[PDB]
Amino acid sequence: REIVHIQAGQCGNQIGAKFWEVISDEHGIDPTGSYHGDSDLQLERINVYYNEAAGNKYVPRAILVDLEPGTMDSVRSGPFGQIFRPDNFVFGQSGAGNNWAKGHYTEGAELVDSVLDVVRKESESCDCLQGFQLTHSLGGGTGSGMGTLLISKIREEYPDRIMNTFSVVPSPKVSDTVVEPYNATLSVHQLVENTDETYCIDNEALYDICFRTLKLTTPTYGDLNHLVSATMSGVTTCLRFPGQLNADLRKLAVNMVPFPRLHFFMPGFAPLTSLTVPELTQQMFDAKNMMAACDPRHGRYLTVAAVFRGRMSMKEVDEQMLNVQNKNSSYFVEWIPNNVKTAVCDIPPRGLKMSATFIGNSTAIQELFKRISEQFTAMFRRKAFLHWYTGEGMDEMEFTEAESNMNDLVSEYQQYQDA
Amino acid sequence: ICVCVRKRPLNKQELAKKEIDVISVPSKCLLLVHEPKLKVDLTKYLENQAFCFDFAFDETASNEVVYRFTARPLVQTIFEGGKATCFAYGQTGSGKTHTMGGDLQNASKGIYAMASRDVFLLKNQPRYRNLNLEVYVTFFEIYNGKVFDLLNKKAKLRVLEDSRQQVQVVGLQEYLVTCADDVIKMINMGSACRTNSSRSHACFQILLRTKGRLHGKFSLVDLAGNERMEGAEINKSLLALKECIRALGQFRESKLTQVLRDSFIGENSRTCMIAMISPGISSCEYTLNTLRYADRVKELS
Amino acid sequence: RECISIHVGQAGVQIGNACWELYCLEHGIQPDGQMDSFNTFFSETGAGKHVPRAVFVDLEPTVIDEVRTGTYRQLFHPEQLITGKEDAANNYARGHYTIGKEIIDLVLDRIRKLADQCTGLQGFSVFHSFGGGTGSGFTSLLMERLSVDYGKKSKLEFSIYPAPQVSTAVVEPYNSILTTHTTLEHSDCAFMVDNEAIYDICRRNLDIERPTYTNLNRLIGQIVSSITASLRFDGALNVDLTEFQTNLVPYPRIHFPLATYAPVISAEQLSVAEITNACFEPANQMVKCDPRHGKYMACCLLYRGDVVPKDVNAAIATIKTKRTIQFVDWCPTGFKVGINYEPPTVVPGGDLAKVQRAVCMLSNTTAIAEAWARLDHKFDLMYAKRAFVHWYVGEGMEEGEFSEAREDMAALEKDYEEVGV
Ligand SMILES: Nc1nc2c(ncn2[C@@H]2O[C@H](COP(=O)(O)OP(=O)(O)OP(=O)(O)O)[C@@H](O)[C@H]2O)c(=O)[nH]1
Ligand SMILES: Nc1ncnc2c1ncn2[C@@H]1O[C@H](COP(=O)(O)OP(=O)(O)NP(=O)(O)O)[C@@H](O)[C@H]1O
Ligand SMILES: COc1cc2c(c(OC)c1OC)-c1ccc(OC)c(=O)cc1[C@@H](NC(=O)CS)CC2
Ligand SMILES: Nc1nc2c(ncn2[C@@H]2O[C@H](COP(=O)(O)OP(=O)(O)O)[C@@H](O)[C@H]2O)c(=O)[nH]1
Ligand SMILES: [Mg+2]
Ligand SMILES: [Mg+2]
């Protein structure tokens with residue numbers, strides 16, 4: 001029915017910025033101006049992602065948050081910099097963090113209200129608010145710590161509506177901080193409690209896709225974001241476009257998450273880099289093509305949701321889609337009936353004549369949580385860099401309490417490879 | 001793991017409304033449900049179903065009799081240094097509180113009291129005298145994922161869990177008792193400020209300590225009705241409880257199972273489940289639900 | 001944000017004298033005065049000059065006097081150069097008690113005069129000798145008091161571990177043990193520099209039969225430059241102290257990382273893979289010992305100059321294939337790699353040549369404790385007869401403080417060994 005979009009912390013801001021300019025050109029929107037493009041559809045549900053202001057203009061329902069100016073002015077003087085509403089930006093000024101604590105308590109709390117009070121304006125402006133979606137990183141802190149806070153404070157003011165996040169889980173390769181595992185674990189715990197669905201964009205997976213399968217040597221933060229950015233458009237398509245489903249985003253939740261513990265989705269895309277259909281499915285269901293460092297093999301799928309794109313015959317899709325869960329019919333939990341649903345839309349993405357994307361609630365995701373909990377208990381062992389948080393006000397046992405909650409999540413996913 | 005069922009007699013209200021008693025317990029381990037049914041053509045018949053438990057108590061069984069075959073055999077477990085738990089499970093009005101806390105009111109007539117009585121008797125026995133143990137008691141309730149100290153005026157407590165995963169309930173008040181009359185005073189106090197009717201989980205504990213260390217612990221639990229969307233927390237806890245108990249003889253966590261975690265993980269731990277049943281025809285679907293849950297629990301023995 | 005340098009006593013002073021000169025050359029500041037980023041270490045004073053955020057202290061003039069003499073005379077303020085008439089005498093007991101007390105209040109206050117024009121200071125980098133009069137004594141006292149006036153603010157010491165040949169003093173080992181005891185619970189991370197290791201590198205590499213102080217210091221200068229660098233340039237490697245140490249020390253026990261400089265080669269291009277290869281070579285360390293023996297519990301690579309990660313990677317890969325990896329049980333396989341594009345500038349009449357690219361590698365090994373032994377033995381063996389103790393009791397020290405200090409070194413040597421698998 002209508003969604004607001006919070007976007008916070010260097011990674012989040014950069015990630016979402018590409019998202020925005022990517023869907024904007026899908027809908028045919030200028031840096032400010034409105035429509036331009038012989039298509040007609042687009043506008044039906046443009047409502048959903050764009051509160052529209054004075055005259056023509058389209059301005060996205062987006063809130064921009066950070067704890068240091070730089071990253072924001074990167075957007076303003078950038079791609080679709082002019083597009084966002086001016087007093088929708090919320091600067092930080094003070095020290096960033098790159099330490100959870102700072103963002104979820106001290107330098108964080110400081111801002112919260114001034115952001116919360118702007119989401120409050122956007123929301124109450126909405127004719128019928130569907131929920132919020134936020135982009136941020138789990139490592140570092142100006143969005144992994146303020147973010148998990150922002151959401152802890154959205155529920156409470158909005159228990160009602162649902163919480164959606166795209167969270168980049170960090171890795172040992174392509175990382176700026178030794179502490180990431182601390183920041184990661186500390187958030188994972190928070191996400192588990194206050195969100196309905198969370199998409200995992202693993203940076204380990206991400207790097208692997210660029211170099212391990214794309215000849216791209218030094219992977220910028222750039223061609224890497226291009227992956228996430230394309231994936232994110234694929235994942236939302238059905239809520240921003242046709243008249244096939246409609247996607248209550250709550251329907252999406254009620255149908256993808258069998259168990260309360262908000263289960264985390266691993267996404268996957270069809271063609272890539274900066275397509276026969278049988279060729280498209282074979283790829284979209286390949287580990288070598290997941291957005292999270294996992295491998296659905298070492299684990300069953302709870303429920304899967306796939307969404308195609310471009311002029312192609314569903315007759316073939318429904319056929320191939322059955323042919324996957326057959327040549328692989330052991331990897332689809334049999335205690336949940338028609339647990340794999342496919343949606344087709346006919347408006348091609350950027351370049352690409354054909355395209356597909358994939359959403360998967362798979363117990364293999366366990367693998368991901370295990371590997372961050374591996375460098376965590378591997379450092380919190382002989383209390384590592386911990387004194388950086390102790391100092392900002394946190395308690396020693398708030399770490400064990402997080403670690404403990406997290407391992408259960410592994411001990412639950414591993415419980416459902418049952419029968 | 002021991003699983004029992006207890007049928008309570010029809011009360012005044014039910015008899016007055018002319019409720020039919022559809023429960024029979026023909027032997028000490030067999031419970032019969034005379035389920036009323038209609039054929040497609042509206043013909044009335046009975047599908048008499050049979051359930052077997054370690055112990056099945058009929059409407060004439062008193063709390064002392066029930067206690068003797070359920071929690072009594074677990075007291076020794078704490079003196080042997082183990083962790084015991086006894087749960088009262090069933091539908092609203094089935095007799096859970098009446099069994100654990102006293103008739104209604106009268107603390108002395110309930111399992112919490114009776115168990116305490118035997119704890120003082122055993123500690124004074126030669127085989128245990130030389131243990132030099134001190135007896136402590138606690139009483140708390142769990143409501144909507146929140147823990148409240150019933151011996152410290154519903155004070156809301158915090159529950160933390162390190163990485164090693166043991167849980168600790170910060171602030172829970174432990175009271176020293178040296179007499180059954182002491183325990184009865186803490187039970188009255190706690191029951192007087194509990195959130196009769198379910199809505200919470202009640203948990204009265206008896207701890208044994210010697211020197212900085214916990215010797216043994218017995219957790220007596222008065223569960224919330226098994227039949228305002230808080231029923232989600234109640235159902236998750238009950239689902240969680242079942243898997244924890246079954247994991248004992250071999251998740252999707254909840255507060256209840258988090259707090260009682262250490263009582264299911266040890267190798268020297270025992271549990272008893274008492275399923276309460278309201279005998280009325282109008283409660284037949286609630287009864288079958290209680291019985292089938294019970295079946296799956298004992299299924300792990 | 002900001003960053004104060006303190007140089008106490010001869011060695012301290014002279015070392016800094018030489019790395020404040022490499023600093024100037026790096027950032028191009030004509031001695032006289034002028035030419036953020038460069039602001040981490042300098043305060044843009046007057047409407048011209050650039051001046052360091054440093055303080056120099058010695059208990060006799062001599063050394064400091066040559067500073068207010070040779071060019072760079074103009075570079076500092078007259079106040080940042082504190083001097084003290086009466087010597088340290090060569091015994092901690094004097095520097096820490098008798099002769100120190102008298103000058104501590106005047107130093108302490110001036111360094112605060114420096115920290116006052118610093119919106120959100122960061123910490124202090126302190127340079128001092130290990131054995132040696134005021135290097136051991138005064139330092140220890142400074143640090144105690146700095147901890148009182150600056151709660152959080154980190155303290156990074158650059159210590160000079162003494163060695164028989166580049167002349168020491170008989171009592172040296174006492175002094176070293178002594179300071180390193182008091183001083184230990186007050187530093188966050190310290191960089192030890194073995195005078196034998198530097199004397200050694202100047203022989204095998206620069207080819208000098210008789211290495212001067214002025215010869216040694218130049219080399220040390222470079223190691224230090226590469227260490228700080230990161231937080232002077234700025235957006236590169238180890239940013240804002242904290243994340244510098246958070247990277248090397250896993251245990252409060254002040255851990256002393258082992259430093260190894262890249263290509264040292266005399267004036268009058270080495271491969272990226274090669275200099276990394278020279279980093280895992282004992283003959284090129286900063287503290288004579290060997291880690292093919294002990295274990296590593298945090299490795300760091302700090303590159304400078306023309307370098308793409310593409311190589312740094314393939315250099316690491318092959319640096320593990322036919323080598324003594326030996327990482328410790330409970331700790332990843334570190335390698336926080338940091339590249340600082342800005343090329344390695346060297347002194348003009350210097351003995352080392354300009355180089356296309358240079359590496360730094362800071363590792364916290366257990367084998368660094370081999371130096372804590374070499375010192376204890378000397379100390380233990382002299383103390384076995386109160387060898388010179390009476391000079392310390394003389395200024396007013398307790399015979400107990402000698403026990404109580406070696407007592408910690410017994411403990412430290414235990415901890416170090418205890419971290420092994
Ligand atoms: N690397 C290096 N070591 C030095 C230098 N000057 C002295 N040393 C060493 O420092 C130690 C002696 O410390 P000193 O600086 O002489 O002692 P101090 O009390 O701080 O200075 P004084 O008051 O002059 O006695 C010995 O280990 C010497 O080898 C130097 O310029 N460079
Ligand atoms: N065996 C029994 N004999 C006589 N009365 C009983 C017996 N069991 C229960 N009752 C009565 O029936 C009611 C149910 O009591 P309790 O209060 O024991 O229910 P629960 O605790 O079963 N109910 P709830 O708290 O709603 O989940 C009370 O009024 C009791 O006094
Ligand atoms: C009067 O001038 C002298 C003054 C001193 C020393 C000395 O003997 C060489 C003198 O000549 C007679 C001196 C002495 C003794 C030492 O131990 C035997 C020492 O280590 C060191 C020294 C001399 N110092 C050094 O060699 C410092 S590297 C300084 C004190
Ligand atoms: N793919 C994606 N990941 C990023 C980007 N920037 C940082 N990351 C990852 O996210 C983690 C923290 O991001 P960062 O923005 O620095 O944290 P912040 O202070 O909360 O804004 C890092 O450890 C990286 O692994 C980005 O540009 N795109
Ligand atoms: Mg009750
Ligand atoms: Mg001296």
# chains A, B, ... in the order shown; residues from 1 in each chain; ligands from 1

call {"tool": "residues_near_ligand", "arguments": {"ligand": "ligand 5", "cutoff": "6 Å", "atoms": "only C-alpha atoms and all ligand atoms", "output": "ChimeraX atom specification"}}
result
/B:96-97,197-198

call {"tool": "residues_near_ligand", "arguments": {"ligand": "ligand 3", "cutoff": "10 Å", "atoms": "only C-alpha atoms and all ligand atoms", "output": "ChimeraX atom specification"}}
result
/C:89-90,132,164-172

call {"tool": "write_last_selection", "arguments": {"atoms": "C-alpha atoms", "output": "short mmCIF file (atom, residue, chain, number, x, y, z; two decimals), in the first residue's frame"}}
result
data_model
loop_
_atom_site.label_atom_id
_atom_site.label_comp_id
_atom_site.auth_asym_id
_atom_site.auth_seq_id
_atom_site.Cartn_x
_atom_site.Cartn_y
_atom_site.Cartn_z
CA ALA C 89 73.99 10.91 36.94
CA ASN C 90 73.15 7.65 35.22
CA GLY C 132 70.57 5.85 30.92
CA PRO C 164 77.25 -3.68 24.89
CA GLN C 165 79.10 -2.20 21.78
CA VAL C 166 77.27 1.15 21.10
CA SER C 167 78.51 1.96 24.55
CA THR C 168 76.30 1.48 27.58
CA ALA C 169 77.09 1.83 31.25
CA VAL C 170 77.78 -0.95 33.71
CA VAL C 171 74.57 -0.07 35.64
CA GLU C 172 72.43 0.02 32.46
#

call {"tool": "residues_around", "arguments": {"residues": "region 241-249 of chain A", "least_positions_apart": "2", "cutoff": "8 Å", "atoms": "only C-alpha atoms", "output": "short mmCIF file (atom, residue, chain, number, x, y, z; two decimals) with N, CA and C atoms, in the first residue's frame"}}
result
data_model
loop_
_atom_site.label_atom_id
_atom_site.label_comp_id
_atom_site.auth_asym_id
_atom_site.auth_seq_id
_atom_site.Cartn_x
_atom_site.Cartn_y
_atom_site.Cartn_z
N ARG A 1 0.78 -1.26 0.00
CA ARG A 1 0.00 0.00 0.00
C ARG A 1 0.83 1.33 0.00
N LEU A 41 3.24 1.81 -17.93
CA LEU A 41 3.08 1.09 -16.69
C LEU A 41 3.69 1.88 -15.54
N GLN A 42 4.99 1.71 -15.34
CA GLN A 42 5.78 2.41 -14.32
C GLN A 42 5.01 3.11 -13.22
N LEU A 43 4.22 4.11 -13.63
CA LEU A 43 3.46 4.97 -12.73
C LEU A 43 2.37 4.37 -11.83
N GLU A 44 1.82 3.19 -12.14
CA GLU A 44 0.80 2.58 -11.26
C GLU A 44 1.24 2.68 -9.83
N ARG A 45 2.18 1.82 -9.48
CA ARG A 45 2.64 1.76 -8.12
C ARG A 45 3.88 2.62 -7.86
N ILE A 46 4.05 3.73 -8.59
CA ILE A 46 5.18 4.65 -8.33
C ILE A 46 4.98 5.28 -6.96
N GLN A 130 2.80 1.17 4.70
CA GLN A 130 3.05 -0.27 4.65
C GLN A 130 4.16 -0.74 5.59
N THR A 237 10.89 -5.46 -7.40
CA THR A 237 10.06 -5.40 -8.62
C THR A 237 8.53 -5.58 -8.40
N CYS A 238 8.13 -6.77 -7.97
CA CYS A 238 6.72 -7.10 -7.73
C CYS A 238 5.98 -6.10 -6.84
N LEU A 239 6.65 -5.40 -5.92
CA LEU A 239 5.90 -4.38 -5.21
C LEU A 239 5.88 -3.03 -5.90
N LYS A 251 2.45 -9.80 2.98
CA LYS A 251 2.09 -11.07 2.38
C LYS A 251 3.42 -11.77 2.18
N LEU A 252 4.39 -11.02 1.68
CA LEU A 252 5.72 -11.56 1.45
C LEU A 252 6.29 -12.13 2.72
N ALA A 253 6.08 -11.44 3.84
CA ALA A 253 6.58 -11.93 5.09
C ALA A 253 5.80 -13.17 5.48
N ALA A 343 7.22 -15.55 -9.84
CA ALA A 343 6.51 -14.40 -10.37
C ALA A 343 7.24 -13.92 -11.62
N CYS A 345 7.54 -10.72 -14.51
CA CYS A 345 7.20 -9.35 -14.89
C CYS A 345 7.88 -9.07 -16.22
#

call {"tool": "residues_near_ligand", "arguments": {"ligand": "ligand 6", "cutoff": "10 Å", "atoms": "only C-alpha atoms and all ligand atoms", "output": "ChimeraX atom specification"}}
result
/C:9-11,58-60,86-92,94-95,129,131-138

call {"tool": "residues_around", "arguments": {"residues": "residue 400 (chain A)", "least_positions_apart": "3", "cutoff": "8 Å", "atoms": "only C-alpha atoms", "output": "ChimeraX atom specification"}}
result
/A:396-397,403-404 /B:161-165

call {"tool": "write_last_selection", "arguments": {"atoms": "C-alpha atoms", "output": "JSON list (two decimals), in the first residue's frame"}}
result
[["chain", "number", "residue", "atom", "x", "y", "z"],
["A", 396, "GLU", "CA", 31.07, -7.06, 29.52],
["A", 397, "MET", "CA", 28.13, -9.49, 29.68],
["A", 403, "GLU", "CA", 27.02, -14.25, 21.42],
["A", 404, "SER", "CA", 24.64, -16.63, 23.25],
["B", 161, "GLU", "CA", 23.12, -14.89, 28.56],
["B", 162, "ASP", "CA", 26.84, -14.79, 27.86],
["B", 163, "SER", "CA", 28.51, -16.70, 24.99],
["B", 164, "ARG", "CA", 29.15, -19.77, 26.99],
["B", 165, "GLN", "CA", 25.34, -19.57, 26.95]]

call {"tool": "select_by_dssp", "arguments": {"residues": "region 63-98 of chain A", "states": "strand (DSSP E or B)", "output": "PyMOL selection string"}}
result
chain A and resi 63-65+89-90

call {"tool": "residues_near_ligand", "arguments": {"ligand": "ligand 2", "cutoff": "9 Å", "atoms": "only C-alpha atoms and all ligand atoms", "output": "MDAnalysis selection string"}}
result
chainID B and resid 6:11 58:63 88:105 196:200 222:227 276:278

call {"tool": "residues_around", "arguments": {"residues": "region 240-242 of chain B", "least_positions_apart": "6", "cutoff": "8 Å", "atoms": "only C-alpha atoms", "output": "ChimeraX atom specification"}}
result
/B:251-254,256-257,296-297

call {"tool": "residues_around", "arguments": {"residues": "region 369-377 of chain A", "least_positions_apart": "4", "cutoff": "8 Å", "atoms": "only C-alpha atoms", "output": "list in words"}}
result
residues 171, 181, 182, 184, 185, 365, 381, 403, 406, 407 and 410 of chain A; 163 of chain B; 332 of chain C

call {"tool": "residues_near_ligand", "arguments": {"ligand": "ligand 4", "cutoff": "9 Å", "atoms": "only C-alpha atoms and all ligand atoms", "output": "VMD selection string"}}
result
chain A and resid 8 to 15 66 to 68 71 96 to 100 103 136 to 147 168 to 180 183 201 to 204 206 to 207 220 to 228

call {"tool": "residues_around", "arguments": {"residues": "residue 330 (chain C)", "least_positions_apart": "6", "cutoff": "9 Å", "atoms": "only C-alpha atoms", "output": "ChimeraX atom specification"}}
result
/A:378-379,381-382 /C:297,421

call {"tool": "closest_residue", "arguments": {"among": "C:35, C:81, C:160, C:177", "to": "ligand 1", "atoms": "only C-alpha atoms and all ligand atoms"}}
result
C:160

call {"tool": "closest_residue", "arguments": {"among": "A:287, A:321, A:292, A:192", "to": "chain B", "atoms": "only C-alpha atoms"}}
result
A:192

call {"tool": "atom_distance", "arguments": {"atom1": "CA of residue 352 (chain C)", "atom2": "CA of residue 267 (chain C)"}}
result
5.2 Å

call {"tool": "atom_distance", "arguments": {"atom1": "CA of residue 333 (chain C)", "atom2": "CA of residue 209 (chain A)"}}
result
23.6 Å

call {"tool": "closest_residue", "arguments": {"among": "B:72, B:156, B:127, B:185", "to": "residue 171 (chain B)", "atoms": "only C-alpha atoms"}}
result
B:156
